[PDB]
Amino acid sequence: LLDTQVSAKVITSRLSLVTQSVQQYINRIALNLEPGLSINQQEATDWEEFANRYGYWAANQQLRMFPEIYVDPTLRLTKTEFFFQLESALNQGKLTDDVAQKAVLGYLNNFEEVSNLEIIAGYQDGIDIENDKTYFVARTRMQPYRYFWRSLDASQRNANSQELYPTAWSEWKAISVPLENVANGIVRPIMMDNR
Amino acid sequence: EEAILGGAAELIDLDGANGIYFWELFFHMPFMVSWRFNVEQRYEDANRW
Amino acid sequence: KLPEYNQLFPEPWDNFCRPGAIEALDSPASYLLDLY
Amino acid sequence: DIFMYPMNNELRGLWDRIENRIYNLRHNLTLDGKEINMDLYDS
Amino acid sequence: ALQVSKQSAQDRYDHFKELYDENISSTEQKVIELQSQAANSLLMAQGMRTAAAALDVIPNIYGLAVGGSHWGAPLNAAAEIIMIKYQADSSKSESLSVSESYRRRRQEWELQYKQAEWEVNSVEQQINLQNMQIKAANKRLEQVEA
Amino acid sequence: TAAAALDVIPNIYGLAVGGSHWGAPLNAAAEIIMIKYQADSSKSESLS
Amino acid sequence: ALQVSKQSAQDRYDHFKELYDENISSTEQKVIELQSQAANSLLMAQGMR
């Protein structure tokens with residue numbers, strides 16, 4: 001697990017050299033070359049992902065330690081549909097206060113309709129209300145009538161809690177079908193086989 | 001608001017059905033604004049936000 | 001009371017080690033130890 | 001438990017950045033810390 | 001002759017720097033503004049289109065005959081709505097492109113002027129050398145004289 | 001605007017009545033918005 | 001005098017290299033993205049029509 005053919009032109013620290021050799025050993029067994037000593041899929045993934053290299057291992061560690069350092073409002077995962085619109089306004093380039101005000105007022109305007117969304121119907125994913133998720137559909141009070149769906153999990157409780165994680169609520173999502181031809185302001189969602 | 005079936009008048013929640021929207025409104029959005037302005041060099045603007 | 005970093009985040013600094021040292025929770029030595 | 005959480009780097013980054021500027025101000029240097037004087041030479 | 005060199009170098013340096021300064025014109029910003037604003041504004045029409053077709057769903061005719069409505073109108077509108085979205089998106093891209101273009105232009109101006117600045121320093125060294133040279137020439141004359 | 005406004009009036013007479021294209025004004029308004037955008041965008045070019 | 005020459009050369013070199021580095025801005029990529037995405041999206045309307 002060490003290279004004998006290096007020239008005298010190369011110098012290194014003892015620690016680094018040892019590390020190198022260890023890494024070689026790890027990679028070989030990971031590569032399923034030595035007899036026995038298999039590795040779990042996740043375990044291997046972790047290695048080949050970050051643990052293979054000090055920089056990424058450190059990055060992982062540091063993320064666990066001080067996530068705030070990694071937090072960035074532009075990189076949010078959870079993100080409102082209209083939040084996309086808002087950033088799509090502000091991202092224009094050079095900017096001014098009033099223009100930002102205009103943008104946020106637009107976002108607020110849409111948020112009004114969000115606060116005015118009215119539920120219409122819902123369907124359970126299955127017989128066990130106490131753990132099966134469920135889906136719901138709602139529409140705007142303001143015309144033209146626009147329609148949205150969202151879901152809620154019945155899992156995601158804390159084992160101690162008579163309550164569910166906030167994550168249990170899905171985001172409200174728009175529906176693109178040209179539904180205005182609807183007969184009587186009526187609709188039903190169905191989710192089955194993950195469709 | 002007020003409790004269903006009537007009862008205690010109550011504060012706007014942050015958990016459950018709408019927390020995410022409040023989290024943007026009272027955090028992510030203002031923060032995003034200031035952040036953008038910092039990138040925009042109009043540091044004064046960012047400061048006010 | 002007053003507005004200062006530690007006042008906002010009351011924590012004994014002694015509860016932290018110096019960066020870069022072996023004592024660092026992410027020292028290359030620590031990385032090697034984990035590997036071992 | 002031989003290790004401890006270290007002070008997180010960005011903080012010292014900030015500390016050092018400002019200290020560097022301060023030093024330049026100590027010595028009347030540019031923000032770049034370069035000499036502002038022309039440093040004329042003769043003999 | 002070195003003075004001429006100094007003058008030209010100075011002018012070059014400061015002219016570039018004067019371009020790094022004020023790196024955006026009011027008119028340029030106005031252009032970016034107009035583009036972004038127009039793109040944003042296009043979003044509003046989508047609702048109008050939807051509502052228009054929705055209204056036109058209702059029947060048109062009465063009396064001894066009935067004549068309904070243009071059945072496909074909502075679907076046609078939806079298609080056009082999609083197109084309108086594309087239209088806005090494409091328009092936005094332009095504004096971004098131009099902004100970044102000016103940014104790069106500034107990067108260039110910055111590098112340019114700073115290099116000229118260094119050159120402006122160099123000529124001073126030349127001046128010093130020439131003065132020393134003059135001293136030497138004087139010494140030579142003095143030696144011949146003596 | 002005026003075109004759609006005019007087209008608001010009914011079309012048909014006799015033993016039947018047939019009104020007008022109800023959505024026409026709203027459709028026109030949408031297109032008007034688009035036309036505004038069109039002009040604005042075109043202006044930017046000249047400035048550039 | 002050679003030191004001045006060194007300084008200017010150094011700066012020129014590294015500034016260019018700093019442009020070879022990070023050869024694409026997030027905004028540039030975003031532009032490319034937006035264009036390609038919009039173009040793709042247009043296909044869907046054909047069915048509707």
# chains A, B, ... in the order shown; residues from 1 in each chain; ligands from 1
>>> residues_around(residues="segment 16-26 of chain F", least_positions_apart="4", cutoff="10 Å", atoms="only C-alpha atoms", output="PyMOL selection string")
(chain E and resi 45+47-70) or (chain F and resi 1-12+30-32)
>>> select_by_dssp(residues="segment 35-188 of chain A", states="strand (DSSP E)", output="PyMOL selection string")
chain A and resi 118-124+134-139+147-152+173-174
>>> write_last_selection(atoms="C-alpha atoms", output="PDB file, in the first residue's frame")
ATOM      1  CA  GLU A 118     -61.045  27.852  -0.332  1.00  0.00           C
ATOM      2  CA  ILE A 119     -60.919  24.080   0.038  1.00  0.00           C
ATOM      3  CA  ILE A 120     -63.326  22.052  -2.085  1.00  0.00           C
ATOM      4  CA  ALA A 121     -62.656  18.350  -1.525  1.00  0.00           C
ATOM      5  CA  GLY A 122     -60.203  15.726  -0.330  1.00  0.00           C
ATOM      6  CA  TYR A 123     -59.420  12.050  -0.766  1.00  0.00           C
ATOM      7  CA  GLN A 124     -57.696   9.623   1.561  1.00  0.00           C
ATOM      8  CA  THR A 134     -54.425  12.486   2.076  1.00  0.00           C
ATOM      9  CA  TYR A 135     -54.865  14.983  -0.745  1.00  0.00           C
ATOM     10  CA  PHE A 136     -56.970  18.110  -1.113  1.00  0.00           C
ATOM     11  CA  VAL A 137     -58.129  20.511  -3.800  1.00  0.00           C
ATOM     12  CA  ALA A 138     -59.101  24.162  -3.461  1.00  0.00           C
ATOM     13  CA  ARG A 139     -59.981  27.178  -5.587  1.00  0.00           C
ATOM     14  CA  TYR A 147     -57.357  25.720  -8.763  1.00  0.00           C
ATOM     15  CA  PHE A 148     -54.735  24.175  -6.528  1.00  0.00           C
ATOM     16  CA  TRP A 149     -53.997  20.921  -4.774  1.00  0.00           C
ATOM     17  CA  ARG A 150     -51.912  19.959  -1.787  1.00  0.00           C
ATOM     18  CA  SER A 151     -51.416  17.021   0.538  1.00  0.00           C
ATOM     19  CA  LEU A 152     -50.969  16.151   4.188  1.00  0.00           C
ATOM     20  CA  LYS A 173     -49.623  23.628  -6.034  1.00  0.00           C
ATOM     21  CA  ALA A 174     -51.298  25.068  -9.119  1.00  0.00           C
TER      22      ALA A 174
END
>>> closest_residue(among="A:5, A:91, A:52, A:60", to="residue 30 of chain G", atoms="only C-alpha atoms")
A:91
>>> atom_distance(atom1="atom CA of residue 2 of chain G", atom2="atom CA of residue 39 of chain D")
14.5 Å
>>> interface_residues(of="chain G", to="chain E", cutoff="7 Å", atoms="only C-alpha atoms", output="list in words")
residues 1, 4, 8, 31, 34, 35, 38, 42, 45, 48 and 49 of chain G
>>> closest_residue(among="C:23, C:28, C:9, C:35", to="residue 2 of chain D", atoms="only C-alpha atoms")
C:23
>>> closest_atom_pairs(of="chain A", to="chain B", cutoff="7 Å", atoms="only C-alpha atoms", output="CSV")
residue,atom,partner,partner_atom,distance
A:73,CA,B:32,CA,5.5
A:74,CA,B:32,CA,6.9
A:94,CA,B:40,CA,5.9
A:95,CA,B:40,CA,6.7
A:97,CA,B:45,CA,6.8
A:166,CA,B:16,CA,5.2
A:169,CA,B:17,CA,6.1
>>> interface_residues(of="chain A", to="chain G", cutoff="12 Å", atoms="only C-alpha atoms", output="VMD selection string")
chain A and resid 74 88 91 to 93 176 to 178
>>> interface_residues(of="chain A", to="chain E", cutoff="12 Å", atoms="only C-alpha atoms", output="ChimeraX atom specification")
/A:85-96,98-100,102-103,106,110,142-146,176-183
>>> write_last_selection(atoms="N, CA and C atoms", output="mmCIF file, in the first residue's frame")
data_model
loop_
_atom_site.group_PDB
_atom_site.id
_atom_site.type_symbol
_atom_site.label_atom_id
_atom_site.label_comp_id
_atom_site.auth_asym_id
_atom_site.auth_seq_id
_atom_site.Cartn_x
_atom_site.Cartn_y
_atom_site.Cartn_z
ATOM 1 N N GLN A 85 -41.381 33.656 -8.392
ATOM 2 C CA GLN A 85 -41.658 34.887 -9.115
ATOM 3 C C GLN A 85 -40.940 36.065 -8.491
ATOM 4 N N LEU A 86 -40.968 36.132 -7.171
ATOM 5 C CA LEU A 86 -40.355 37.254 -6.483
ATOM 6 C C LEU A 86 -38.869 37.315 -6.776
ATOM 7 N N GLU A 87 -38.176 36.201 -6.578
ATOM 8 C CA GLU A 87 -36.758 36.224 -6.889
ATOM 9 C C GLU A 87 -36.534 36.471 -8.369
ATOM 10 N N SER A 88 -37.428 35.975 -9.223
ATOM 11 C CA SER A 88 -37.299 36.229 -10.645
ATOM 12 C C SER A 88 -37.486 37.690 -10.970
ATOM 13 N N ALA A 89 -38.006 38.448 -10.028
ATOM 14 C CA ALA A 89 -38.054 39.885 -10.193
ATOM 15 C C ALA A 89 -36.758 40.510 -9.714
ATOM 16 N N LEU A 90 -36.353 40.155 -8.504
ATOM 17 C CA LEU A 90 -35.220 40.831 -7.889
ATOM 18 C C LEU A 90 -33.907 40.510 -8.579
ATOM 19 N N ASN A 91 -33.779 39.311 -9.105
ATOM 20 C CA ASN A 91 -32.590 38.845 -9.789
ATOM 21 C C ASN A 91 -32.291 39.587 -11.077
ATOM 22 N N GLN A 92 -33.118 40.557 -11.463
ATOM 23 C CA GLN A 92 -32.968 41.200 -12.762
ATOM 24 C C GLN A 92 -31.568 41.731 -13.025
ATOM 25 N N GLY A 93 -30.844 42.132 -11.990
ATOM 26 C CA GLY A 93 -29.589 42.812 -12.229
ATOM 27 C C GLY A 93 -29.442 43.953 -11.254
ATOM 28 N N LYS A 94 -28.845 45.063 -11.682
ATOM 29 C CA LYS A 94 -28.766 46.208 -10.793
ATOM 30 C C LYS A 94 -30.172 46.600 -10.374
ATOM 31 N N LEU A 95 -30.289 47.209 -9.202
ATOM 32 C CA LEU A 95 -31.607 47.348 -8.618
ATOM 33 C C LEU A 95 -31.754 48.657 -7.864
ATOM 34 N N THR A 96 -33.005 48.958 -7.521
ATOM 35 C CA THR A 96 -33.362 50.135 -6.755
ATOM 36 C C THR A 96 -34.470 49.778 -5.778
ATOM 37 N N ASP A 98 -37.370 51.359 -4.710
ATOM 38 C CA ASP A 98 -38.734 51.409 -5.216
ATOM 39 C C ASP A 98 -39.084 50.194 -6.057
ATOM 40 N N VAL A 99 -38.171 49.776 -6.926
ATOM 41 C CA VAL A 99 -38.449 48.623 -7.764
ATOM 42 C C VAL A 99 -38.639 47.388 -6.909
ATOM 43 N N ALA A 100 -37.792 47.231 -5.899
ATOM 44 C CA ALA A 100 -37.976 46.108 -4.995
ATOM 45 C C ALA A 100 -39.321 46.194 -4.299
ATOM 46 N N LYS A 102 -42.077 47.530 -5.460
ATOM 47 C CA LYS A 102 -43.046 47.059 -6.437
ATOM 48 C C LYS A 102 -43.108 45.542 -6.454
ATOM 49 N N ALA A 103 -41.943 44.913 -6.544
ATOM 50 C CA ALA A 103 -41.891 43.460 -6.611
ATOM 51 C C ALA A 103 -42.552 42.829 -5.396
ATOM 52 N N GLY A 106 -46.201 43.004 -5.367
ATOM 53 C CA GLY A 106 -46.804 41.989 -6.214
ATOM 54 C C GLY A 106 -46.908 40.662 -5.494
ATOM 55 N N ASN A 110 -50.365 38.470 -4.572
ATOM 56 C CA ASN A 110 -50.672 37.059 -4.776
ATOM 57 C C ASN A 110 -50.928 36.360 -3.450
ATOM 58 N N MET A 142 -61.674 34.854 -5.730
ATOM 59 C CA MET A 142 -61.633 35.840 -6.798
ATOM 60 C C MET A 142 -61.739 35.176 -8.160
ATOM 61 N N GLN A 143 -62.422 35.834 -9.065
ATOM 62 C CA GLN A 143 -62.422 35.286 -10.405
ATOM 63 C C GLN A 143 -61.229 35.835 -11.167
ATOM 64 N N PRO A 144 -60.789 35.163 -12.236
ATOM 65 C CA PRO A 144 -61.239 33.858 -12.715
ATOM 66 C C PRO A 144 -60.909 32.795 -11.697
ATOM 67 N N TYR A 145 -61.717 31.753 -11.635
ATOM 68 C CA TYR A 145 -61.461 30.701 -10.671
ATOM 69 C C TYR A 145 -60.209 29.929 -11.049
ATOM 70 N N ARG A 146 -59.286 29.821 -10.107
ATOM 71 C CA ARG A 146 -58.045 29.095 -10.300
ATOM 72 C C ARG A 146 -57.947 28.014 -9.236
ATOM 73 N N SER A 176 -52.907 23.092 -13.946
ATOM 74 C CA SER A 176 -52.861 23.745 -15.249
ATOM 75 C C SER A 176 -54.036 23.457 -16.177
ATOM 76 N N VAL A 177 -54.839 22.438 -15.903
ATOM 77 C CA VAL A 177 -55.927 22.077 -16.822
ATOM 78 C C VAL A 177 -56.865 23.253 -17.055
ATOM 79 N N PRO A 178 -57.317 23.487 -18.289
ATOM 80 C CA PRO A 178 -58.321 24.528 -18.544
ATOM 81 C C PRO A 178 -59.690 24.104 -18.046
ATOM 82 N N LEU A 179 -59.836 24.092 -16.729
ATOM 83 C CA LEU A 179 -61.001 23.552 -16.049
ATOM 84 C C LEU A 179 -62.256 24.411 -16.139
ATOM 85 N N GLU A 180 -62.168 25.654 -16.606
ATOM 86 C CA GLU A 180 -63.330 26.532 -16.518
ATOM 87 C C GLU A 180 -64.568 25.984 -17.211
ATOM 88 N N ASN A 181 -64.426 25.004 -18.084
ATOM 89 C CA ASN A 181 -65.619 24.396 -18.651
ATOM 90 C C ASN A 181 -66.379 23.525 -17.661
ATOM 91 N N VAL A 182 -65.902 23.403 -16.419
ATOM 92 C CA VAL A 182 -66.532 22.527 -15.439
ATOM 93 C C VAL A 182 -68.034 22.738 -15.375
ATOM 94 N N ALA A 183 -68.747 21.629 -15.182
ATOM 95 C CA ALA A 183 -70.203 21.642 -15.138
ATOM 96 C C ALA A 183 -70.739 22.476 -13.981
#
>>> select_by_dssp(residues="chain C", states="helix (DSSP H, G or I)", output="PyMOL selection string")
chain C and resi 5-8+13-15+28-35
>>> closest_atom_pairs(of="chain D", to="chain C", cutoff="10 Å", atoms="only C-alpha atoms", output="JSON lines")
{"residue": "D:1", "atom": "CA", "partner": "C:25", "partner_atom": "CA", "distance": 9.2}
{"residue": "D:2", "atom": "CA", "partner": "C:23", "partner_atom": "CA", "distance": 6.5}
{"residue": "D:3", "atom": "CA", "partner": "C:23", "partner_atom": "CA", "distance": 4.5}
{"residue": "D:4", "atom": "CA", "partner": "C:17", "partner_atom": "CA", "distance": 5.4}
{"residue": "D:5", "atom": "CA", "partner": "C:16", "partner_atom": "CA", "distance": 5.3}
{"residue": "D:6", "atom": "CA", "partner": "C:17", "partner_atom": "CA", "distance": 4.6}
{"residue": "D:7", "atom": "CA", "partner": "C:16", "partner_atom": "CA", "distance": 6.1}
{"residue": "D:8", "atom": "CA", "partner": "C:19", "partner_atom": "CA", "distance": 7.8}
{"residue": "D:9", "atom": "CA", "partner": "C:19", "partner_atom": "CA", "distance": 7.7}
{"residue": "D:12", "atom": "CA", "partner": "C:19", "partner_atom": "CA", "distance": 9.4}
>>> write_last_selection(atoms="N, CA and C atoms", output="PDB file, in the first residue's frame")
ATOM      1  N   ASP D   1     -13.597  11.858  23.171  1.00  0.00           N
ATOM      2  CA  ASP D   1     -13.917  13.252  23.443  1.00  0.00           C
ATOM      3  C   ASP D   1     -12.662  14.115  23.472  1.00  0.00           C
ATOM      4  N   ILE D   2     -11.608  13.640  22.807  1.00  0.00           N
ATOM      5  CA  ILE D   2     -10.353  14.376  22.789  1.00  0.00           C
ATOM      6  C   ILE D   2     -10.457  15.665  21.992  1.00  0.00           C
ATOM      7  N   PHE D   3     -11.386  15.748  21.050  1.00  0.00           N
ATOM      8  CA  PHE D   3     -11.574  16.968  20.287  1.00  0.00           C
ATOM      9  C   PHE D   3     -12.635  17.851  20.921  1.00  0.00           C
ATOM     10  N   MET D   4     -12.683  19.088  20.449  1.00  0.00           N
ATOM     11  CA  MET D   4     -13.736  20.011  20.817  1.00  0.00           C
ATOM     12  C   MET D   4     -14.212  20.711  19.562  1.00  0.00           C
ATOM     13  N   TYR D   5     -15.407  21.252  19.644  1.00  0.00           N
ATOM     14  CA  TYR D   5     -15.863  22.119  18.586  1.00  0.00           C
ATOM     15  C   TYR D   5     -14.903  23.293  18.522  1.00  0.00           C
ATOM     16  N   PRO D   6     -14.286  23.559  17.389  1.00  0.00           N
ATOM     17  CA  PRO D   6     -13.452  24.749  17.272  1.00  0.00           C
ATOM     18  C   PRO D   6     -14.321  25.965  17.008  1.00  0.00           C
ATOM     19  N   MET D   7     -13.716  27.130  17.175  1.00  0.00           N
ATOM     20  CA  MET D   7     -14.356  28.345  16.708  1.00  0.00           C
ATOM     21  C   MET D   7     -14.516  28.257  15.202  1.00  0.00           C
ATOM     22  N   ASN D   8     -15.700  28.588  14.706  1.00  0.00           N
ATOM     23  CA  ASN D   8     -15.955  28.422  13.286  1.00  0.00           C
ATOM     24  C   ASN D   8     -15.287  29.526  12.474  1.00  0.00           C
ATOM     25  N   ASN D   9     -14.653  29.086  11.389  1.00  0.00           N
ATOM     26  CA  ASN D   9     -13.691  29.875  10.626  1.00  0.00           C
ATOM     27  C   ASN D   9     -14.170  31.247  10.179  1.00  0.00           C
ATOM     28  N   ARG D  12     -13.288  34.145  12.656  1.00  0.00           N
ATOM     29  CA  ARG D  12     -11.922  34.641  12.599  1.00  0.00           C
ATOM     30  C   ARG D  12     -11.643  35.299  11.264  1.00  0.00           C
TER      31      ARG D  12
END
>>> residues_around(residues="residue 110 of chain E", least_positions_apart="5", cutoff="12 Å", atoms="only C-alpha atoms", output="PyMOL selection string")
(chain E and resi 13-23+103-105+115-117) or (chain G and resi 11-12+15-16)
